[PDB]
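Peer 1: here is my input, please return the structure:
(chains A, B, C and D, ligands or ions: 2)
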Amino acid sequence: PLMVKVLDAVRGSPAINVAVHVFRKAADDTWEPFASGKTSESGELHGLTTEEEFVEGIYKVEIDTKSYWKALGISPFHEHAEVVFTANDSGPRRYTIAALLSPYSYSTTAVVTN
Amino acid sequence: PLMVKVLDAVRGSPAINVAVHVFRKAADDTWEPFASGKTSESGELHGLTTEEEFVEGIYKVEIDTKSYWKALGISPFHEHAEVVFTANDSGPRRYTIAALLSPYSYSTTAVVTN
Amino acid sequence: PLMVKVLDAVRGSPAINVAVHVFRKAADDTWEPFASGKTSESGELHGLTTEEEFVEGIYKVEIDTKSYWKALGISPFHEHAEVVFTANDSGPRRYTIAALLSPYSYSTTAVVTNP
Amino acid sequence: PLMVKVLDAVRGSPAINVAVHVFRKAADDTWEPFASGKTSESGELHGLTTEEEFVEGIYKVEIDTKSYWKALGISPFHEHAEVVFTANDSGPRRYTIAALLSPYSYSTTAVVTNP
Ligand SMILES: Oc1c(Br)cc(CCc2c(Cl)cccc2Cl)cc1Br
Ligand SMILES: Oc1c(Br)cc(CCc2c(Cl)cccc2Cl)cc1Br
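Peer 2: Residues are numbered from 1 along each chain as shown, chains lettered A, B, ... in the order given. Ligands and ions are numbered 1, 2, ... in the order given. Okay, here it is:
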């Protein structure tokens, strides 16, 4: 139900071995860890959660872009990229969070399908 | 060797049934038709060409964004989106041209892999 | 030294009346309020801070995109757009944080200059 | 009535000295030269045309991104960034065409205002 895909706008490639952390907003407004992993050779991260676990709520996907750029020897602007959204059962069942990274910029979209 | 993928930033969905035309630049600097198709339910267009046909050269991928927006009842800015690039045998063998569409904006990247 | 500019990719316009909150990470690792404001008719937000006050640190610029889209009667995907960066770590710089908004997407870039 | 602004997503800066060519589609469907120029130190290009000359039509703004990246010693993917649009079809408007460049990617948006 929740996939992440990360691309590199400098190399023209998937962004490989990027750390990704997902958090769920708790009742006291703190961010509780929920799932995490590293993107694969295709820039994708699957298997974060399951339909049972992924209930409605506010989630934050933190992509560790700074470490990615540093591993390539490139000087970056951002500490990380953030994607904060509400999971909604009224819409389609599968969320893909896609991000496109540059040293001083990032873009993100949601692809929400059944 | 050449895939196109198109996403919709308004609906948060693949951009389905978008017409895509690929042209190759000819010796007299005109654009000759090369391949075309329409994106699938996943927003993807496969099977445009083959490794034998897809020789080095300058190619233009024209995505008919205006008709896409009009079919959804949305008033667009651009006539089409353009992606013009040189195919290079020194780099990886597979090109994916990805585009993310909004009514007054578009973004595109290349994902070039082996 | 810290300005924000926000554009609307649906309308082809500045994104007017967008709330922006800036935080700075404190020594205890919490996010301290730093400055806030709203974009103008030009999509710009000036006057958040001063060179004196804008010291080195890790800053988070939170752009309230959901509130923007909801005020236009649209149900968007994201809660906000966040831009988190270390500022002034090799002396003072001037930063422009630009964002381009759509209901299910946003993009951001920084323009950093040395006065 | 027609301005261009170009930013560099690698440097976090304006994209300076970027060549821009504007064409207009003619009655025979060819692309006629219309105006050209280069971005300044601020990444901006003003003075391309005049309200008199900028009549209704289909315009193509070609941003010479490959030449930019090559001048910086970088081998980029795209030949150029193209922005093709119908202008002034419900009377005069003022257009800003903005682009954000990376070696394998670009994004563009339009800001359209009614004077
Ligand atoms: O499989 C996919 C999926 Br799903 C999504 C994208 C979109 C990447 C993108 C972003 Cl994230 C922001 C601006 C422009 C772009 Cl082209 C690409 C591929 Br290939
Ligand atoms: O005055 C400005 C400033 Br300063 C910045 C931009 C960049 C807008 C943008 C973003 Cl933020 C992300 C992807 C693509 C784009 Cl064209 C435009 C203008 Br006009």
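Peer 1: ranges for the helices of chain A?
Peer 2: In chain A, the helices defined using DSSP state H lie at A:65-71.
Peer 1: contact residues of it facing chain C?
Peer 2: Within chain A, the positions adjacent to chain C are A:58, A:77-80, A:82-86, A:102, A:104-110, A:112 by Cβ under 8 Å from any Cβ of the partner chain. For every residue, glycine as well, the C-beta is placed using N, CA and C.
Peer 1: apply 6 Å and report the result again.
Peer 2: Residues of chain A found near chain C (Cβ under 6 Å from any Cβ of the partner chain) are A:77, A:78, A:79, A:80, A:82, A:84, A:85, A:104, A:105, A:107, A:109, A:110.
Peer 1: just checking, which of those belong to strands?
Peer 2: Among those, DSSP state E puts A:78, A:79, A:80, A:82, A:84, A:85, A:105, A:107, A:109, A:110 in strands.
Peer 1: among those, which are in reach of chain B?
Peer 2: Applying Cβ under 6 Å from any Cβ to those, those adjacent to chain B are A:107, A:109, A:110.
Peer 1: which one of these has the most neighbours?
Peer 2: residue A:109 (28 neighbours; other Cβ atoms under 10 Å in any protein chain shown).
Peer 1: that one pairs with what?
Peer 2: Beta bridges link residue A:109 to residue A:98, residue C:105 when assigned by DSSP bridges.
Peer 1: how close does it sit to residue B:48?
Peer 2: 23 Å (Cβ to Cβ, to the nearest Å).
Peer 1: any idea how far residue A:52 lies from residue A:95?
Peer 2: As defined by Cβ to Cβ, residue A:52 lies at a distance of 15 Å from residue A:95.
Peer 1: tell me which of those two has more neighbours.
Peer 2: Neighbour comparison, residue A:52 and residue A:95: the larger count goes to residue A:95, with 22 against 7 (by other Cβ under 10 Å).
Peer 1: hmm, the more buried one is touching residue A:5, no?
Peer 2: No: contact criterion Cβ atoms under 6 Å: residue A:95 and residue A:5 do not qualify, at 11.2 Å.
Peer 1: closest one of the ones next to chain B among the ones in strands among the residues of chain A next to chain C to chain D?
Peer 2: residue A:107 (6.8 Å; Cβ to the nearest Cβ).
Peer 1: surely that closest one touches residue C:106?
Peer 2: No: if you go by Cβ under 6 Å, residue A:107 and residue C:106 don't touch, sitting 7.3 Å apart.
Peer 1: what residue lies at the spatial centre of chain A?
Peer 2: Residue closest to the mean C-alpha point of chain A, counted by Cα atoms, centre = their mean, is residue A:61 at 4.4 Å.
Peer 1: that older thread, from the ones in strands among the residues of chain A next to chain C, list the buried ones, please.
Peer 2: Of the members of these, the ones counted as buried by neighbours, 16 or more other Cβ atoms under 10 Å in any protein chain shown, are A:78, A:79, A:80, A:82, A:84, A:85, A:105, A:107, A:109, A:110.
Peer 1: just checking, the residue nearest to the centre of chain A touches residue A:98?
Peer 2: No: the criterion here is Cβ under 6 Å, and residue A:61 misses it with residue A:98 at 10.7 Å.
Peer 1: anything in contact with each of those two?
Peer 2: The contact sets of residue A:61 and residue A:98 do not overlap (Cβ atoms under 6 Å, 6 or more residues apart in numbering or on different chains).
Peer 1: measure the residue lying farthest from the centre of chain A to chain C for me?
Peer 2: Relative to the centre of chain A, and counting by Cα atoms, centre = their mean, the farthest-placed residue is residue A:28 at 23.2 Å. Distance, residue A:28 to chain C, using Cβ to the nearest Cβ, to the nearest Å: 14 Å.
Peer 1: cool, residue A:33 as well?
Peer 2: 15 Å.
Peer 1: and for that residue, the neighbour number?
Peer 2: Burial of residue A:33 is recorded as 9 neighbouring residues (other Cβ under 10 Å).
Peer 1: kindly report the same for residue A:39.
Peer 2: 23.
Peer 1: swap in the one 5 residues further on?
Peer 2: Neighbouring residues of residue A:44 were enumerated by other Cβ under 10 Å; the total is 17.
Peer 1: would you agree it is in contact with residue A:5?
Peer 2: Yes: under the criterion of Cβ under 6 Å, residue A:44 makes contact with residue A:5 at 5.0 Å.
Peer 1: what comes up buried for stretch A:68-82?
Peer 2: In stretch A:68-82, counting by 16+ other Cβ under 10 Å, buried: A:68, A:69, A:76, A:77, A:78, A:79, A:80, A:81, A:82.
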